[PDB]
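Only one chain is included here, represented as structure tokens and corresponding to the form deposited in one PDB entry.
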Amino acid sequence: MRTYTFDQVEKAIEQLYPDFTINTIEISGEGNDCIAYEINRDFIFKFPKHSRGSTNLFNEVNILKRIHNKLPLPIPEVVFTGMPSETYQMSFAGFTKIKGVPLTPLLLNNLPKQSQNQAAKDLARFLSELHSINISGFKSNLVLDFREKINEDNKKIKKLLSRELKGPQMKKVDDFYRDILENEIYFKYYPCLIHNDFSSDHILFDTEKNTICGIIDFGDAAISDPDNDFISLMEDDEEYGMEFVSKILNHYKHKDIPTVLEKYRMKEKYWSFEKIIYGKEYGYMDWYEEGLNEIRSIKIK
């Protein structure tokens, strides 16, 4: 983990862009990969907190340049790029700030009915065009391998929990991933370009027009299972729920909704294990103890 002061941020940008005058700067947000800075009210600069974060940002930049003006909703435009350095492919990047506010489930719900329906449609058409983008000229490392992800989470959790879980409890972790790995449904799909973090936080909304005005944060985007872009919208507390996602699925013309529902059912339990990782890292007691209670509740077979 690498941190930044405002001065370090400003100095880095000025070094590469002497004639870009920085009048205002504030911290706009912070996720697992980057800190976001709003500069001069109209740009979002992301700085990576780790090499993985820097790779993801390098990826975002490349993907955004590649699909610029290609989609039915506006996405950020790359205006500034940093430099490579050591384990960091991309020292920072600057994007045009799209105006709008997140389409939260709350916000979605208080919306007129005609407008709730239009949002479902616009989202469906966005994902449809996104998932139709030709995948032929992407490097193979942009193709996600869920088996690889599974095997990594399994290994992380075991090391993470080595001083907490007795042998029999640890076996439940291995068995949970084994079971997942044995099911073709999760691995036999047609790969395509996906957002990969397609949720309310990353959908921007225009409260004058009552329409969605952007999609943002392409730092996780990759070649993967397109069903993942619907599943990231389904969770009931934090996201949209099935009545809204169903409308999206129908406008998108999905041919196997039952399979999508099955994958969400797997992901529910999956998220709980994943959250142990971030949970122990960020020191969130909710994510950690819940996941740990889940493991203990498991009976093999």
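From 1 onward, residues are counted along the sequence shown. Superpose the two forms; the largest set of C-alphas matching within 1.5 Å is the rigid core.
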| item | value |
| --- | --- |
| Mean temperature factor over C-alpha atoms, higher-scoring stretch between 132-140 and 90-98 | 132-140 |
| Stretch with the higher entry mean CA B-factor, where the candidates are 120-128 and 141-149 | 141-149 |
| Residue with highest C-alpha B-factor in the PDB entry, from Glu274, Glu60, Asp256, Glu38 | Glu274 |
| Per the PDB entry, maximal CA B factor within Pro168, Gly82, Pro191, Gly214 | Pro168 |
| Position of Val173 among the chain's modelled residues by C-alpha B-factor, lowest, middle or highest third | lowest |
| Among modelled residues of the same chain, the CA temperature factor third for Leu103 | middle |
| Among modelled residues of the same chain, the CA temperature factor third for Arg2 | highest |
| Assigned third (lowest, middle, highest) for the C-alpha B factor of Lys269 | highest |
| Assigned third (lowest, middle, highest) for the C-alpha B factor of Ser51 | middle |
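There is another form of this protein, the form deposited with a small molecule bound, and it is not shown here; the text below is about that form.
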query: Residue stretch of 123-131, 106-114, 198-206, 178-186 approaching the small molecule in the deposited bound form, non-hydrogen atom distance within 4.5 Å; finding: 198-206
query: Selected contact from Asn40, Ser51, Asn32, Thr259, since only one has a non-hydrogen atom within 4.5 angstroms of the small molecule in the deposited bound form; finding: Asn32
query: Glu235, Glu274 and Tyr278 all contacting the small molecule in the deposited bound form, non-hydrogen atom within 4.5 Å; finding: yes
query: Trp287 within 4.5 Å of the small molecule in the deposited bound form, heavy atoms; finding: yes
query: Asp225: touches the small molecule in the deposited bound form, heavy atom cutoff 4.5 angstroms; finding: no
query: 4.5 angstroms heavy atom contact with the small molecule in the deposited bound form for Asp153; finding: no
query: Rigid core superposition between this form and the one not shown: residue from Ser91, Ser199, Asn228, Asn154 with Cα shift of 2 Å or more; finding: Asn154
query: Core-aligned C-alpha movement of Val79 between this form and the one not shown, 2 Å or more; finding: no
query: Displaced residue check between this form and the one not shown: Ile248, CA, 2 Å or over, core reference; finding: no
query: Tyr17 C-alpha shift between this form and the one not shown of 2 Å or more, rigid core reference; finding: no
query: Distance trend in the deposited bound form - C-alpha atoms of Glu281 and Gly219, change of 3 Å or more; finding: closer
query: In the deposited bound form, shift in Cα separation for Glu243 relative to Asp286, 3 Å or more; finding: farther
